[PDB]
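Scroll down for the structure; my scribbles are underneath it.
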Amino acid sequence: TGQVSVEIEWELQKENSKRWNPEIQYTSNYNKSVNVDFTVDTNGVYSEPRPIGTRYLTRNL
Amino acid sequence: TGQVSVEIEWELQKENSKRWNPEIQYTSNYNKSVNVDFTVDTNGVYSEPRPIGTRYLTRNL
Amino acid sequence: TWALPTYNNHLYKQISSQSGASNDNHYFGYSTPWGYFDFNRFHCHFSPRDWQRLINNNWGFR
Amino acid sequence: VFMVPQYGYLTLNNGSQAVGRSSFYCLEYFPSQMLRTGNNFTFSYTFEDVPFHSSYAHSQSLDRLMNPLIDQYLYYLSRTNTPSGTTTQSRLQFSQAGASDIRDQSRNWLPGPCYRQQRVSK
Amino acid sequence: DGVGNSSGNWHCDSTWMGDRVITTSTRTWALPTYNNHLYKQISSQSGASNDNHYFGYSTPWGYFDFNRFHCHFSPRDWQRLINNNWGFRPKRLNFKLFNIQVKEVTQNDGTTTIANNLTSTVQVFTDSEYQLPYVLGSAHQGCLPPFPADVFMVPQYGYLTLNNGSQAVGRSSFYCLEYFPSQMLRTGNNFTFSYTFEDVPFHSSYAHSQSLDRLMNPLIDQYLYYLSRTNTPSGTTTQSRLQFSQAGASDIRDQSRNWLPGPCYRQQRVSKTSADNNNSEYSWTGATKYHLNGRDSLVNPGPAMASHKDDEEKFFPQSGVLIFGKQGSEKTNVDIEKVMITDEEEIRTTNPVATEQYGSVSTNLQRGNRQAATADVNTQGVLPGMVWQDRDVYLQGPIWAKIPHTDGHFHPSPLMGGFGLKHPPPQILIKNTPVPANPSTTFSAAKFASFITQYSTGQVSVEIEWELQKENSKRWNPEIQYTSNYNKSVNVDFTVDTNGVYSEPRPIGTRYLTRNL
Amino acid sequence: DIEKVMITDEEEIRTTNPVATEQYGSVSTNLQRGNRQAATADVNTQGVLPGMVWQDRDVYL
Amino acid sequence: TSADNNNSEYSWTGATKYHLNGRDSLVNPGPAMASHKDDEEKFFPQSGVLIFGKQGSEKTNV
Amino acid sequence: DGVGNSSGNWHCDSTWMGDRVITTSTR
């Protein structure tokens, strides 16, 4: 047994949009729930509730 | 008559949170509508549909 | 782009509340031929997207 | 396109009438640059240092700042009287606040000032 | 250096150098594996009243706290400090974790076998950036013990976030402590780090010798007039005539004064003698409280204000003072003799009495056909010109507290007393690294549950440097100092009994020297 | 009518700021004793007291 | 004006005061606040203003 | 160094620097 550690460096292409109206972003729901999303429950079991895909910002063709 | 132009420089305090679960952000609704939010209608009348307040990110006390 | 008329026909005027007005609503002042610029509302400088960019990402600004 | 607002100001008043202290200002008394077509007017300003406006909402309430697992070491007045046979007798009893009685934990801080309002519903 | 070379040397002495004091204290600690190495979500019980709801998490991490004064000062050291100094404050601190021990317990067959595990490690990290909820300064248990000999058990870290009753709102924050880089230690390693406090005002260790109401010269009259008498006799029936006078020794209550006492949020008054107190359950219904988000929360201790007027040592505010427990006191519903109730008579010169109303104010415009009426103020907000004294700090009392990160805090000195720091000493979190037992030879994606039982032990040492404001009084008659009683007793104060149990018999507050206003 | 305006919402500052509609707290107004029950009164207006913390009003677009 | 004022000894019972250590002490002058509204130069606070004596005024009950 | 000296220090943080991000994770 023992520890393993992986580090990765990622480059980014910053969003530069000049769109006027507000875009769509990813937000956790404001409403109350017995468990918060992406967190251990009463028995200590982490769980990813939904799949998150990278496409929320929009650009023209 | 004539043109007026005002420029302002604003300083920012970048969010540095180490929270694990995803935070709440401001997003326009995904659903279809006869008018998009924050845009001129059929007759060219711009309109701010809802008030937007600055408090969405969360920090501890 | 802005447009500026000639207010008060180029004359300073003294103005006050109406005799009928309740005591809470009395006032006395002047109206001037001058027009002023104001941009004290936030949307004057930020566009909705710009505003979105600002709130989502920053803890503070000034 | 917008229309420039018209400037006016209010000073002291005694009802409709204006008291002696009231100030009348002639705007022209101030030097003002005169522009013709093909001229421009620019000027620059730097704000004073001011505190950043918080664009965050706290994730922890003030009443809840303590650790749920460990009890405090300070005591509070839990129960003022205790049963004595059939009729209850005045006896003071103290306890240490814990998760069970969070409302009673000792705390360093107090909420913000309040001037109360009336409540109307949508 | 090596497995068999000690990481550090034990240090416990207080050394005084002019106006500076360094107090070092070393303790041995033990750290279990909390929550079986699993983060857990915790909340109040369905039955719990709405005032008692909460939602948060319990973490496998254990933290160090030393926010109690006796952790650093010995009773004699404390005596030296109060008698001699008008003020003091913390300057900087040094913290060390050395002689780390990790052991393994084999509990098969009803007999427990404990043995070294030189390979296993402890993860320690300091939250120097304050991205973790600060659980310090809430007067929790587990402080480095007052007595040096005692061994203590490291507290377990947990935190509370937003909640809507039992349920947790969307805004609630879940923090993974591991997400923070934490240095890993083996036996024969050490962890040290240093911190320097921010400039803060000295905590007054003096009690004023002059009351606020009395600051004037007894011999000379004022030159300002006050409304002495509103009406005067006119034959048989008295007539409305205004008369003015200059206040003097004779009518001291009337002298004009520049200053006002400190703000007051009023308390309920309960007496140490059972007889006086009313026979009813007013512990909560009669208590002074504030409201946040629909939850009534008891205001304890509350704004600093004297506990009792003259000759009323018998009384004390319901929740307006600190109350420490005598050694051996249980958790729930102890009798009065089992606690120690603190006493704030010192601040009465400038601070109101918690039980009494701040003042009287006139509420109606009088006239010929309407008598002059006034009403009491039980709650006065700060007004310009007020002066007050912050709450006292005791040997068993808290040292500091994190000022909440908000737009506005006014006079942000912790209400329990202590030093209100913006950037307080960072929380130190330590957790045994989990070690997996014999795994199954065939692969399985499910997470492990069969860890090797472990606990770690070792020494911890904290040093703090304190600055002093030496007493410079030119008073003629002798002052009041703190002295142990001359009389014989079966046990000396502040010492282990026949069975080796250290015990602090009484609370010691810093205010004995006196200065003028 | 109400539908013709937009009413702002300050739920964010509730963690440290009182609820505008509700009273700040309760304070005891009489000295109890054997023959006198313990009574308290609500405070609808509390001035700043030492130790208070609060959040300034939000700014909107 | 003597007439307006009520015919009673309210100099102390009716006065605004604060309490320190069980002693009621008159709050004079007290926090700065205007002495009278418009057109009420006739009135003044009981102990809310400064009062100087004209030259030659005695000590008690002038 | 030795049997009783830890080989490494635990790292898990993501740090953002302009258009670059470094994400480290230890298990």
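Every chain in the structure tokens takes a letter, A first, then B, and so on in the order presented; its residues are numbered from 1, and the ligands are numbered from 1 following the presented order.
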| message | Neighbouring residues of residue 47 in chain C were defined as those with any atom within 9 Å, considering only C-alpha atoms; residues of the same chain fewer than 4 positions away were excluded. Please report them as a PyMOL selection string. | response | (chain A and resi 20-22) or (chain C and resi 43+51-52) or (chain F and resi 61)
| task | Step one, run DSSP on the backbone; step two, keep only residues of range 225-443 of chain E assigned to strand (DSSP E); then write them as a PyMOL selection string. | result | chain E and resi 225-234+237-246+264-265+269-271+289-292+295-298+315-317+323-325+334-335+339-341+359-362+374-377+379-380+400-402+408-409+419-421+428-432
I'd like a table as JSON lines: residues in chain D with an atom no more than 7 Å from chain F, each row giving the shortest atom pair and its distance in Å to one decimal, only C-alpha atoms counted, sorted by chain and rising residue number.
```
{"residue": "D:57", "atom": "CA", "partner": "F:12", "partner_atom": "CA", "distance": 5.4}
{"residue": "D:58", "atom": "CA", "partner": "F:15", "partner_atom": "CA", "distance": 6.8}
{"residue": "D:60", "atom": "CA", "partner": "F:15", "partner_atom": "CA", "distance": 6.8}
{"residue": "D:61", "atom": "CA", "partner": "F:15", "partner_atom": "CA", "distance": 4.2}
{"residue": "D:62", "atom": "CA", "partner": "F:16", "partner_atom": "CA", "distance": 5.6}
{"residue": "D:109", "atom": "CA", "partner": "F:51", "partner_atom": "CA", "distance": 5.3}
{"residue": "D:110", "atom": "CA", "partner": "F:52", "partner_atom": "CA", "distance": 4.5}
{"residue": "D:111", "atom": "CA", "partner": "F:16", "partner_atom": "CA", "distance": 5.3}
{"residue": "D:112", "atom": "CA", "partner": "F:54", "partner_atom": "CA", "distance": 4.5}
{"residue": "D:113", "atom": "CA", "partner": "F:48", "partner_atom": "CA", "distance": 5.3}
{"residue": "D:114", "atom": "CA", "partner": "F:46", "partner_atom": "CA", "distance": 5.2}
{"residue": "D:115", "atom": "CA", "partner": "F:45", "partner_atom": "CA", "distance": 4.5}
{"residue": "D:116", "atom": "CA", "partner": "F:20", "partner_atom": "CA", "distance": 5.4}
{"residue": "D:117", "atom": "CA", "partner": "F:21", "partner_atom": "CA", "distance": 5.0}
{"residue": "D:118", "atom": "CA", "partner": "F:21", "partner_atom": "CA", "distance": 5.7}
{"residue": "D:119", "atom": "CA", "partner": "F:21", "partner_atom": "CA", "distance": 5.5}
```
Which residues of chain A come within 6 Å of chain E, and for each one, what is the closest pair of atoms and their distance in Å to one decimal, counting only C-alpha atoms, sorted by chain and residue number, as a tab-separated table?
```
residue	atom	partner	partner_atom	distance
A:29	CA	E:170	CA	5.7
A:30	CA	E:170	CA	4.5
A:31	CA	E:170	CA	5.8
A:32	CA	E:169	CA	4.1
A:33	CA	E:167	CA	5.5
A:34	CA	E:167	CA	4.9
A:41	CA	E:41	CA	5.5
A:42	CA	E:41	CA	4.6
A:43	CA	E:40	CA	5.9
A:44	CA	E:40	CA	4.6
```
Suppose we keep N, CA, C and O atoms; can you now write the selection as a CSV table (one decimal), in the first residue's frame?
```
chain,number,residue,atom,x,y,z
A,29,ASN,N,-29.0,23.6,-8.0
A,29,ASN,CA,-30.3,24.2,-7.7
A,29,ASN,C,-30.4,24.9,-6.4
A,29,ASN,O,-29.7,24.6,-5.4
A,30,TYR,N,-31.2,26.0,-6.4
A,30,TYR,CA,-31.3,26.8,-5.2
A,30,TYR,C,-32.2,26.1,-4.1
A,30,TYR,O,-32.1,26.4,-3.0
A,31,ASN,N,-33.1,25.2,-4.6
A,31,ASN,CA,-34.0,24.6,-3.7
A,31,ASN,C,-33.4,23.7,-2.6
A,31,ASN,O,-32.3,23.2,-2.9
A,32,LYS,N,-34.0,23.5,-1.5
A,32,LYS,CA,-33.6,22.6,-0.4
A,32,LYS,C,-33.7,21.2,-0.8
A,32,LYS,O,-34.6,20.8,-1.5
A,33,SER,N,-32.7,20.4,-0.3
A,33,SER,CA,-32.7,18.9,-0.6
A,33,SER,C,-32.1,18.2,0.6
A,33,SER,O,-31.4,18.8,1.4
A,34,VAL,N,-32.5,16.9,0.7
A,34,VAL,CA,-32.0,16.1,1.8
A,34,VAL,C,-30.5,15.9,1.7
A,34,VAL,O,-29.8,15.8,2.7
A,41,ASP,N,-23.2,11.4,1.7
A,41,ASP,CA,-24.5,11.3,2.4
A,41,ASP,C,-24.3,11.1,3.8
A,41,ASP,O,-23.2,11.3,4.4
A,42,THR,N,-25.4,10.7,4.5
A,42,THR,CA,-25.3,10.4,6.0
A,42,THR,C,-24.3,9.3,6.3
A,42,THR,O,-23.7,9.4,7.4
A,43,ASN,N,-24.1,8.4,5.4
A,43,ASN,CA,-23.3,7.2,5.7
A,43,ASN,C,-21.9,7.4,5.0
A,43,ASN,O,-21.1,6.4,5.0
A,44,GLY,N,-21.6,8.6,4.5
A,44,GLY,CA,-20.3,8.8,3.9
A,44,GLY,C,-20.0,8.1,2.6
A,44,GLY,O,-19.1,7.3,2.5
```
| field | Selected residue of minimal separation from chain D among C:54, C:35, C:8, C:42, counting only C-alpha atoms | value | C:35
Using only C-alpha atoms, which residues of chain D come within 12 Å of chain B, and what is the closest atom pair for each, with the distance in Å to one decimal? Give it as a tab-separated table, sorted by chain and residue number.
```
residue	atom	partner	partner_atom	distance
D:1	CA	B:3	CA	9.6
D:2	CA	B:1	CA	10.1
D:3	CA	B:1	CA	9.3
D:4	CA	B:1	CA	9.7
D:35	CA	B:2	CA	11.6
D:36	CA	B:2	CA	11.3
D:37	CA	B:2	CA	9.3
D:38	CA	B:2	CA	10.5
D:39	CA	B:2	CA	10.9
D:40	CA	B:3	CA	10.0
D:41	CA	B:4	CA	9.6
D:42	CA	B:5	CA	9.4
D:43	CA	B:6	CA	10.0
D:44	CA	B:7	CA	9.5
D:45	CA	B:8	CA	9.4
D:46	CA	B:9	CA	9.3
D:47	CA	B:9	CA	9.8
D:49	CA	B:11	CA	11.1
D:50	CA	B:11	CA	11.1
D:51	CA	B:11	CA	11.1
D:52	CA	B:13	CA	8.1
D:53	CA	B:54	CA	9.2
D:54	CA	B:55	CA	7.7
D:55	CA	B:55	CA	4.7
D:56	CA	B:55	CA	4.6
D:57	CA	B:58	CA	4.7
D:58	CA	B:59	CA	5.1
D:59	CA	B:60	CA	5.2
D:60	CA	B:60	CA	5.5
D:61	CA	B:61	CA	7.6
D:62	CA	B:61	CA	7.5
D:63	CA	B:61	CA	10.9
D:64	CA	B:61	CA	9.9
D:65	CA	B:61	CA	8.0
D:66	CA	B:61	CA	11.4
D:109	CA	B:61	CA	11.4
```
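In this comparison, which uses only C-alpha atoms, the residue of E:259, E:244, E:502, E:34 approaching chain G most closely is E:244.
For the pair CA of residue 69 in chain E and CA of residue 127 in chain E, the interatomic distance is 22.0 Å.
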| message | Need the shell around residue 17 in chain H: protein/DNA/RNA residues with any atom at most 12 Å away, counting only C-alpha atoms. Skip same-chain ones fewer than 2 positions apart. Format as a list in words? | response | residues 9, 10, 11, 12 and 14 of chain A; 14 and 16 of chain B; 14, 15, 19, 20, 21, 22 and 23 of chain H
| message | Can you work out which residues from chain E touch chain F at a cut-off of 7 Å (counting only C-alpha atoms) and hand them back as a PyMOL selection string? | response | chain E and resi 263+265-269+276-279+282+286-293+303+378+380-382+406-415
| Any idea which chain G residues end up within 9 Å of chain E if we count only C-alpha atoms, as a count of residues only please? | 42
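Interatomic distance, CA of residue 36 in chain B to CA of residue 28 in chain A: 22.4 Å.
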| request: For chain E, report every residue with an atom at most 6 Å from chain D (counting only C-alpha atoms), formatted as an NGL selection string. | output: :E and (51-52 or 135 or 138-141 or 158-159 or 161-162 or 172 or 274 or 279 or 281 or 283 or 297-298 or 300 or 323-324 or 331-335 or 414-416)
Keeping only N, CA, C and O atoms, write those residues as a CSV table (one decimal), in the first residue's frame.
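As a result, out-v9.csv now contains:
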```csv
chain,number,residue,atom,x,y,z
E,51,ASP,N,-35.6,26.0,16.6
E,51,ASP,CA,-34.5,26.8,17.1
E,51,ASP,C,-33.2,26.0,17.1
E,51,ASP,O,-32.1,26.5,17.1
E,52,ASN,N,-33.4,24.6,17.1
E,52,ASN,CA,-32.2,23.7,17.3
E,52,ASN,C,-31.8,23.0,16.0
E,52,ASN,O,-31.1,22.0,16.1
E,135,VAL,N,-13.8,27.0,13.3
E,135,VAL,CA,-14.5,26.4,14.4
E,135,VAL,C,-13.9,26.9,15.7
E,135,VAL,O,-14.3,26.5,16.8
E,138,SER,N,-15.1,29.4,19.6
E,138,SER,CA,-16.5,29.1,20.0
E,138,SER,C,-16.6,28.4,21.3
E,138,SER,O,-17.6,27.9,21.7
E,139,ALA,N,-15.4,28.5,22.1
E,139,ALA,CA,-15.3,27.9,23.4
E,139,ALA,C,-15.5,26.4,23.5
E,139,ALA,O,-16.1,26.0,24.4
E,140,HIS,N,-15.1,25.7,22.5
E,140,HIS,CA,-15.2,24.3,22.5
E,140,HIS,C,-14.2,23.6,23.4
E,140,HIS,O,-13.2,24.2,23.8
E,141,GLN,N,-14.5,22.3,23.8
E,141,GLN,CA,-13.6,21.6,24.7
E,141,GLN,C,-12.4,21.0,24.0
E,141,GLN,O,-12.3,21.1,22.8
E,158,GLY,N,-15.5,19.4,12.6
E,158,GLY,CA,-16.7,19.4,11.9
E,158,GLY,C,-17.2,20.8,11.7
E,158,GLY,O,-16.7,21.7,12.4
E,159,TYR,N,-18.1,21.0,10.8
E,159,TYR,CA,-18.6,22.4,10.5
E,159,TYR,C,-20.0,22.4,10.1
E,159,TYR,O,-20.6,21.4,9.6
E,161,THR,N,-23.1,24.6,8.0
E,161,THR,CA,-23.4,25.5,6.9
E,161,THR,C,-24.9,25.8,6.9
E,161,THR,O,-25.6,25.5,7.8
E,162,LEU,N,-25.4,26.4,5.8
E,162,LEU,CA,-26.7,26.8,5.7
E,162,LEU,C,-27.7,25.6,5.8
E,162,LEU,O,-27.3,24.5,5.4
E,172,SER,N,-25.3,25.8,0.5
E,172,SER,CA,-24.4,25.1,1.5
E,172,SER,C,-23.1,24.6,1.0
E,172,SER,O,-23.1,24.0,-0.1
E,274,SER,N,-31.4,30.6,46.5
E,274,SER,CA,-32.6,30.0,45.9
E,274,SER,C,-33.9,30.7,46.2
E,274,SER,O,-34.7,30.9,45.3
E,279,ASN,N,-40.5,30.9,41.3
E,279,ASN,CA,-40.7,29.5,41.1
E,279,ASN,C,-41.4,29.2,39.7
E,279,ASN,O,-42.5,28.7,39.7
E,281,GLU,N,-40.5,28.1,35.2
E,281,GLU,CA,-39.6,27.7,34.1
E,281,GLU,C,-39.5,29.0,33.2
E,281,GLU,O,-40.2,29.1,32.2
E,283,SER,N,-36.3,29.8,32.2
E,283,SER,CA,-34.9,29.7,31.7
E,283,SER,C,-34.8,30.1,30.3
E,283,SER,O,-33.8,30.7,29.9
E,297,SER,N,-32.1,32.7,19.3
E,297,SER,CA,-30.9,32.2,19.8
E,297,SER,C,-30.5,33.0,21.1
E,297,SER,O,-30.5,34.2,21.1
E,298,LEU,N,-30.2,32.3,22.2
E,298,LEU,CA,-29.9,32.9,23.4
E,298,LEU,C,-28.7,33.8,23.3
E,298,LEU,O,-27.7,33.5,22.6
E,300,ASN,N,-25.8,35.0,24.9
E,300,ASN,CA,-24.9,34.7,26.0
E,300,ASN,C,-23.5,34.9,25.4
E,300,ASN,O,-23.2,34.4,24.3
E,323,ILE,N,-19.6,31.4,32.8
E,323,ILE,CA,-19.8,30.4,33.9
E,323,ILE,C,-18.9,29.2,33.6
E,323,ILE,O,-19.2,28.5,32.6
E,324,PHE,N,-17.9,29.0,34.4
E,324,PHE,CA,-17.0,27.8,34.2
E,324,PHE,C,-17.4,26.8,35.2
E,324,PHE,O,-18.0,27.0,36.3
E,331,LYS,N,-22.0,17.1,32.5
E,331,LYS,CA,-22.6,17.9,31.5
E,331,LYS,C,-23.9,18.6,31.6
E,331,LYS,O,-24.1,19.7,31.1
E,332,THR,N,-24.9,17.9,32.2
E,332,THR,CA,-26.3,18.4,32.1
E,332,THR,C,-26.8,18.6,33.6
E,332,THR,O,-26.7,17.8,34.4
E,333,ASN,N,-27.4,19.8,33.8
E,333,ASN,CA,-28.2,20.1,34.9
E,333,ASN,C,-27.4,19.9,36.2
E,333,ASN,O,-27.9,19.3,37.2
E,334,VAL,N,-26.3,20.6,36.3
E,334,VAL,CA,-25.5,20.6,37.6
E,334,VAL,C,-26.1,21.6,38.5
E,334,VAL,O,-26.6,22.6,38.0
E,335,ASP,N,-25.9,21.4,39.8
E,335,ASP,CA,-26.3,22.4,40.7
E,335,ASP,C,-25.4,23.6,40.7
E,335,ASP,O,-24.3,23.5,40.2
E,414,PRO,N,-14.4,40.2,20.5
E,414,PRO,CA,-15.3,39.1,20.9
E,414,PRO,C,-16.0,39.4,22.2
E,414,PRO,O,-15.4,39.8,23.2
E,415,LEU,N,-17.3,39.1,22.1
E,415,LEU,CA,-18.2,39.3,23.3
E,415,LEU,C,-17.8,38.4,24.5
E,415,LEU,O,-18.0,38.7,25.6
E,416,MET,N,-17.2,37.2,24.2
E,416,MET,CA,-16.7,36.4,25.3
E,416,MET,C,-15.5,37.1,25.9
E,416,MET,O,-15.1,36.6,27.0
```
| request: For CA of residue 397 in chain E and CA of residue 270 in chain E, determine how far apart the two atoms are, in Å to one decimal place. | output: 22.6 Å
Closest contacts (chain G/chain D, max 12 Å, only C-alpha atoms) as JSON lines:
```
{"residue": "G:37", "atom": "CA", "partner": "D:14", "partner_atom": "CA", "distance": 10.0}
{"residue": "G:38", "atom": "CA", "partner": "D:14", "partner_atom": "CA", "distance": 6.8}
{"residue": "G:39", "atom": "CA", "partner": "D:14", "partner_atom": "CA", "distance": 8.5}
{"residue": "G:40", "atom": "CA", "partner": "D:14", "partner_atom": "CA", "distance": 11.8}
```
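With only C-alpha atoms taken into account, chain E has residues 1, 2, 3, 118, 119, 120, 121, 123, 178, 179, 180, 181, 182, 183, 184, 185, 186, 187, 188 and 189 of chain E at most 9 Å from chain H.
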Saved selection, atoms kept: C-alpha atoms, as a PDB file, in the first residue's frame:
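Produced file part_14.pdb, reproduced below:
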```pdb
ATOM      1  CA  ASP E   1      17.558  12.301  11.660  1.00  0.00           C
ATOM      2  CA  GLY E   2      16.468   8.717  12.207  1.00  0.00           C
ATOM      3  CA  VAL E   3      13.791   6.466  13.663  1.00  0.00           C
ATOM      4  CA  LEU E 118       7.032   2.913  11.922  1.00  0.00           C
ATOM      5  CA  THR E 119       5.904   3.167   8.257  1.00  0.00           C
ATOM      6  CA  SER E 120       2.465   4.715   8.675  1.00  0.00           C
ATOM      7  CA  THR E 121       2.018   8.584   8.586  1.00  0.00           C
ATOM      8  CA  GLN E 123      -1.174  14.352   7.710  1.00  0.00           C
ATOM      9  CA  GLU E 178      -7.843  16.592   1.753  1.00  0.00           C
ATOM     10  CA  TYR E 179      -8.154  18.948  -1.184  1.00  0.00           C
ATOM     11  CA  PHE E 180      -5.683  20.950   0.795  1.00  0.00           C
ATOM     12  CA  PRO E 181      -2.108  20.092   0.594  1.00  0.00           C
ATOM     13  CA  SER E 182      -1.099  18.582   3.894  1.00  0.00           C
ATOM     14  CA  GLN E 183       2.409  17.499   4.765  1.00  0.00           C
ATOM     15  CA  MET E 184       2.743  13.823   5.646  1.00  0.00           C
ATOM     16  CA  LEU E 185       4.829  12.862   8.694  1.00  0.00           C
ATOM     17  CA  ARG E 186       6.423   9.557   9.750  1.00  0.00           C
ATOM     18  CA  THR E 187       7.931   8.688  13.053  1.00  0.00           C
ATOM     19  CA  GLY E 188      11.079  10.732  13.400  1.00  0.00           C
ATOM     20  CA  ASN E 189       9.685  13.681  11.453  1.00  0.00           C
TER      21      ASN E 189
END
```
